[PDB]
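All heavy atoms count here, side chains included; hydrogens, waters and symmetry mates do not. Every chain is numbered from 1 and lettered A, B, ... according to where its sequence line falls, protein lines coming before strand lines.
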Amino acid sequence: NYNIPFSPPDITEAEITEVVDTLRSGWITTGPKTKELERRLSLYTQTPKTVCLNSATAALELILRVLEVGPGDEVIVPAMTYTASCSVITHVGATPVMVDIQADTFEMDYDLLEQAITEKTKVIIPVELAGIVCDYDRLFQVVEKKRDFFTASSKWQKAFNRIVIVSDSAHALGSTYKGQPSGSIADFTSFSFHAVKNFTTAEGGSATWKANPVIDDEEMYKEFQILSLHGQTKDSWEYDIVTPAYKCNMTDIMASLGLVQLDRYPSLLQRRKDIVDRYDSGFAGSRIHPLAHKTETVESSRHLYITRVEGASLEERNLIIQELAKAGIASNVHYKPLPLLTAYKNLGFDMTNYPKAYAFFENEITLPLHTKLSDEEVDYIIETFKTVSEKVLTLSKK
Amino acid sequence: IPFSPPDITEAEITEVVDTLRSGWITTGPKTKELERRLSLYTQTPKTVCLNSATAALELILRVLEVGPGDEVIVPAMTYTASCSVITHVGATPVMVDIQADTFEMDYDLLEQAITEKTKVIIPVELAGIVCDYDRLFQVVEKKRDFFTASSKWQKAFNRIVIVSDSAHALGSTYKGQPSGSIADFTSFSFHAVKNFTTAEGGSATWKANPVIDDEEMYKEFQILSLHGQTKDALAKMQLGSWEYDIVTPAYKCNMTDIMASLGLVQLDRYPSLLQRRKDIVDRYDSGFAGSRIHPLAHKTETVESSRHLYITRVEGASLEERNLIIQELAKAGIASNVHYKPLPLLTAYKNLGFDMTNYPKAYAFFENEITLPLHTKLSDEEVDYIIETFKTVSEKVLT
């Protein structure tokens, strides 16, 4: 039969050999391969420097720490995102401010974003959900429009003298917006190389920033390095510790996976395109409505096949997932809005303030999208998801 | 001669390859099996394998809910990571000076440093040598009336909790018991340069105690290490187990099966690695006997050290003379190191008000300290060369 997994890893013998090479070398933690991966990633994202770290969460947190966002500052995040986009705000002691999304897309309602901005707002964190990059022209217009609310209180906040926009591009390595690669669009960007992502090092990620005359790239790179490795500096036993910092460097074991993945990535991206186009033609005219991966402004890296089923309640969506599972099709939900989660409910966030986020979630189902899918499996998912959705609704009507 | 190259064989490589061909490249069955095997090795009920010792020590503090207004005692003579985690959770580090003839805290001064705010003591098992736990447990008991619990786990103990920094001490013993089983909680390090390596990694464990439910405690670490994510019984039993909750906005420091693969093989190899380190230490020890080079003892009445660092102090040497000796070792093709600058020498801790003049014993230990290479890629000929060169060089610098 079929037992189609949601997100198995795509590892070949080339990854294994490269990792083996590292394990024979003098360098098994951070070494030359990590530096080479950062160099190649920078060229790929059209940014001057990249800091490879052990997760996207570590990257996003370090961006916030480099910006010195902390107690008394506000950071804006969508109500519809993964917990990790928000949790790093609480880690640095800042106040998350959630903004509701639009009716026909995951993106923040940018009018409501404008309204949420205060004198305390330091950072906006858009999420490039499923690889689809946000309306950056509008986002930059908002921060410029509200520039007079901004009051810098750190080195880097003074340099930019406005709200800094930090892309959560966990899902978006290789996505483009008006022809420009994610990484080059926002002021800072985090990427994720987690086991389930398009590009994987099992655990990993990176921080980068777009070229900007107010940033010395070597100085910025060095500040991340210091925060990722205990605050340690050297001017050969002697070192100093300048701040009691963290431990989130990338190993050459992981960088080895990355280097091979990056060679493979154009082909991987192409396969995902072919699967999305097959799904898209398959769901045309049905109740199954996918998020568009190709728009006038965006070419998505096609990380998640996010769908919403027209007319389906919460209960009905949950039943459909369990029926897909009985048919040998794994599926997922991206995402529970943050206010549904105990941690954020406990911080006073209330789901009734973000009805659009709720309505997106309510009928959302993510189908498998990865490079181990055969065409036959995709065809099977298309036909099954239609038959199952119809069955559940015809059952409800009855 | 390098200071600390990794000792990786084809068995590690094959095990990692096996993982890379499996469905599981991040946290998976190999990580759970490594935790199980490590728990048996350390004689503890459960182990939580994570991405660094620093992660493990932090999480212990976060499980204990040590935070703002609490004090955590650490030695003045330790690595920055023993202390930095205290600041991470927002607690106040309290440093204690060490003894004249060992790295260990002066336990009288430890008693004096205890207040109503003290929640945790972090001894460091320097070079693999385990601290005087009988004395440490006597101190916390003696001062029990200073303690006022302010969290679930603090109430359970109802005293200062003793957390071992065993970064250097996987496989060490104290009165025949393995590090891991001695302190209330223990962190271990599997960093590239440690006796047992996963390139980056570490663990948290805890000794058996009736007031701890081991599965509940294990589950709390898991949750903190992986975003605060939980799933209920109903969600796990369903064929489609997507639904989760986030209970606290937690952290991201889980161990991958890639790293656990290295660990499993290292753990099979570990008795033999430990034996080789013993043989090197004994050779150094006989070599330095009667000289000015005084090594820390790896075998005592109470301790059998895992023999992670060969820490030495050169009698009669000033700061400047020590530094010259290191550079002369380096010209002779011998890498060496210093463990450690006392914390008050470091800008970060200076900046928090810590003053080197308060910890003269820590300074004096550091001043004439040289660490010689101790790892399993050393040949006997290299060890003999280091012995005879270090003696000649020291004599030359002093003459």
Side-chain angles (χ1 to χ4, degrees), chain A residues 5 8-9 11 15-16 19 23-24 26 28-29 54-55 57-58 83-84 86-91 194-195 200 202-203 230-232 236-249 251-254 257 318 321-322 324-326 330-333 336 338 341-344 346-347, chain B residues 2 5-6 8 12-13 16 20-21 23-26 51-52 54-55 80-81 83-88 191-192 197 199-200 227-229 238-240 242-254 256-259 262 323 326 330 336-338 341 343 345-349 351-352:
Chain A
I11 308 298
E15 281 86 355
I16 300 168
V19 163
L23 292 176
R24 290 191 203 89
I28 57 170
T29 188
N54 70 195
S55 73
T57 303
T83 183
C86 195
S87 63
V88 302
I89 305 164
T90 66
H91 295 178
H194 179 91
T200 194
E203 295 286 350
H230 295 301
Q232 185 169 299
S236 295
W237 64 271
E238 202 177 350
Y239 60 83
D240 189 14
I241 299 297
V242 294
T243 187
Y246 308 89
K247 182 48 182 162
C248 54
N249 55 302
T251 64
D252 270 21
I253 291 166
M254 275 48 194
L257 297 174
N318 296 346
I321 285 171
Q322 302 308 315
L324 283 171
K326 290 181 197 161
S331 64
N332 213 336
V333 174
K336 285 196 171 172
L338 300 183
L341 306 169
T342 297
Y344 302 110
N346 286 349
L347 298 170
Chain B
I8 308 298
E12 281 86 357
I13 299 167
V16 163
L20 292 177
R21 291 191 203 90
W24 297 93
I25 58 169
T26 189
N51 72 11
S52 74
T54 301
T80 182
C83 195
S84 61
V85 301
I86 301 164
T87 67
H88 294 178
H191 183 266
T197 195
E200 295 285 352
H227 298 298
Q229 186 169 300
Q238 283 174 316
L239 262 186
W242 66 271
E243 202 176 354
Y244 61 84
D245 190 11
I246 299 297
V247 295
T248 188
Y251 308 89
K252 180 51 179 162
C253 53
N254 57 304
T256 62
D257 269 21
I258 291 167
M259 273 46 70
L262 296 175
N323 297 342
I326 286 170
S336 66
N337 214 338
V338 173
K341 285 195 171 173
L343 298 184
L345 286 189
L346 307 169
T347 299
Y349 301 108
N351 281 357
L352 297 171

Nearest heavy atoms of A:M254 and B:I258, plus distance in Å: CE-CD1, 4.3 Å
Leading residue by heavy atom contact count with chain B [cutoff under 4.5 Å; candidates A:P5, A:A195, A:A58]: A:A195
Options B:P6, B:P5, B:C83, ranked by heavy-atom pairs under 4.5 Å with chain A, top entry: B:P6
For chain B, the option from A:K326, A:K336, A:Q232 that forms the most heavy-atom pairs under 4.5 Å: A:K336
Side chain / backbone / both / neither for B:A250 at chain A, heavy atoms under 4.5 Å: backbone
Option in A:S55, A:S87, A:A202, A:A325 with maximal non-hydrogen atom pairs under 4.5 Å from chain B: A:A202
Closest non-hydrogen atom pair between B:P249 and A:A343, with its separation: N-CB, 3.8 Å
Side chain, backbone, both or neither of B:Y244 within contact of chain A (heavy atoms, under 4.5 Å): both
Nearest heavy atoms of B:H227 and B:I246, plus distance in Å: O-CG2, 3.4 Å
Close side-chain approach of A:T29 to B:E200, heavy-atom, < 4.5 Å: yes
Heavy-atom pairs under 4.5 Å with chain B, option from A:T83, A:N332, A:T243 with the top count: A:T83
Distance-minimising heavy-atom pair for B:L346 and A:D240: CA-OD1, 3.4 Å
Toward chain B, the part of A:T57 with a non-hydrogen atom under 4.5 Å: side chain
Nearest heavy-atom neighbours spanning B:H191 and B:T197: O-OG1, 2.9 Å
Between A:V242, A:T90, A:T251, the one whose heavy-atom pairs under 4.5 Å with chain B are most numerous: A:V242
Neighbour count >12 (heavy atoms, 6.0 Å) for atom CH2, B:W24: no
